[PDB]
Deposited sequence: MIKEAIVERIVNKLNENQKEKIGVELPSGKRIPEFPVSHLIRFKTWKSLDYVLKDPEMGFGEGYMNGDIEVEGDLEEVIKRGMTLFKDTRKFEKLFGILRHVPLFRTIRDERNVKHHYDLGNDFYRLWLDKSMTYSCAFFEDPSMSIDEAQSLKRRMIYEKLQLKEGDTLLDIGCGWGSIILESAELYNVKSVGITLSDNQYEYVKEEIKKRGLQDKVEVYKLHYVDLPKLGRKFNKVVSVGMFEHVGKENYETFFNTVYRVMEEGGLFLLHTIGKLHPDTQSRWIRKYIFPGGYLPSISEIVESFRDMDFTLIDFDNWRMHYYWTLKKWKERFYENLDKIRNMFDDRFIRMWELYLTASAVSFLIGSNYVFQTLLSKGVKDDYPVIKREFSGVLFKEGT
């Protein structure tokens, strides 16, 4: 009844029809469809009707909702209309070789994730005008690809901070393996404690970390960055964001990223309203994250047998929904990726 209206809305002007199978086994529509959503319990259907995001996410995770066909198409049409220990050995199965956990840059969708992450890093180095003698700080350095490669390519002295023990030990070992002990440092450190390093930097980068800061902490974040920068330095901030302030994902917060906040352009910029930062450039990479998440999901499926041997079926459904729904959010224009290049003080000689 209400179910038939929703199915009708989902199929308006669509070649590939979506259908629903009720717990009784009854189909709506009672004709062949391209994508079938099966509800095993009336409770799971009730949940979706009342709360599509949490109802579908938890119902899919728990196995009450099955999808025959293309999960991305189903998630796209629906979103348009409407504890596990994760070790380095899990991430290595679907991130690229450099273990970069952030948006890549694709000259073309056929580009490999490794090439696209290497290009993304090169574009960041170029934006920062990196040169020998610079001091580079990476706030939220993950598995270290930027602090390691910048030192090897440009002979900068680089420092990364991360909150993850697993990342810290991995980067420590990479520094040793590559003989970079005199050029690269890494610390397990919250950004608020950056002044304790007792150092300033003329180049600062932060990629995929700002989403975890929380809106109530933005002024503290930009004040901290300002205070550890040399006058005339450059700060490249790369974050997922929104075009306008909007609702945050309860499902992502519950299962993937507690305490995350995706800010709008206005929320980012007004965070540093009382500070001597000048805007150099603002870059939008939205569709590149769609392609990044598509490549991650492809590699995830390539290694699905091992991942299942490491985690249960509920985890796999959770992770595949995370990668799929996240990709869709960029595809349909709900989320963006923004790169903001700021100077400390008014810089008038940035190249054209």
>> Ranges lacking C-alpha coordinates, please, mapped onto the deposited sequence and listed in sequence order.
In response: 1-4, 87-116, 387-400
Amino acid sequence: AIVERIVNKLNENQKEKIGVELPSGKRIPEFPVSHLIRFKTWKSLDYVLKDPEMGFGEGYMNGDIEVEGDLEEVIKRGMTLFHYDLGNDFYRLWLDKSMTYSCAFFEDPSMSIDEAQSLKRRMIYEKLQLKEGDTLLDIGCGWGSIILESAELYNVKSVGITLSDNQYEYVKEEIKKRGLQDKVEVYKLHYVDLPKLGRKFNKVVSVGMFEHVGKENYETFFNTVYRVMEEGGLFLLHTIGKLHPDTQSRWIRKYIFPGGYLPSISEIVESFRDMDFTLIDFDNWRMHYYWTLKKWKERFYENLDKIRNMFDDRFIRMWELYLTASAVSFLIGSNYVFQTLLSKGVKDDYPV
From here on, numbers count along this sequence of modelled residues.
> As stated in the PDB record, which stretch has the larger average Cα B-factor, 169-177 or 119-127?
Replying inline: 169-177
> As stated in the PDB record, which stretch has the larger average Cα B-factor, 227-235 or 149-157?
Replying inline: 149-157
> Per the PDB entry, which option out of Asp283, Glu298, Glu320, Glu68 has the greatest Cα B factor?
Replying inline: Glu68
> Of the options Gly144, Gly208, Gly78, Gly198, which has the highest CA B factor as deposited?
Replying inline: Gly198
> According to the PDB entry, is the CA B factor of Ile28 in the bottom, middle or top third of its chain, that is, lowest, middle or highest?
Replying inline: highest
> Once the chain's modelled residues are ordered by C-alpha B factor and cut into thirds, is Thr292 in the lowest, middle or highest one?
Replying inline: lowest
>> Lowest, middle or highest third: which one holds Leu189 when the chain's residues are ordered by CA B-factor from the entry?
In response: middle
> Should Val204 be placed in the lowest, middle or highest third of its chain by the C-alpha B factor in the entry?
Replying inline: lowest
>> Looking at the temperature factor on the CA atom of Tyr255, which third of the chain's modelled residues does it land in?
In response: middle
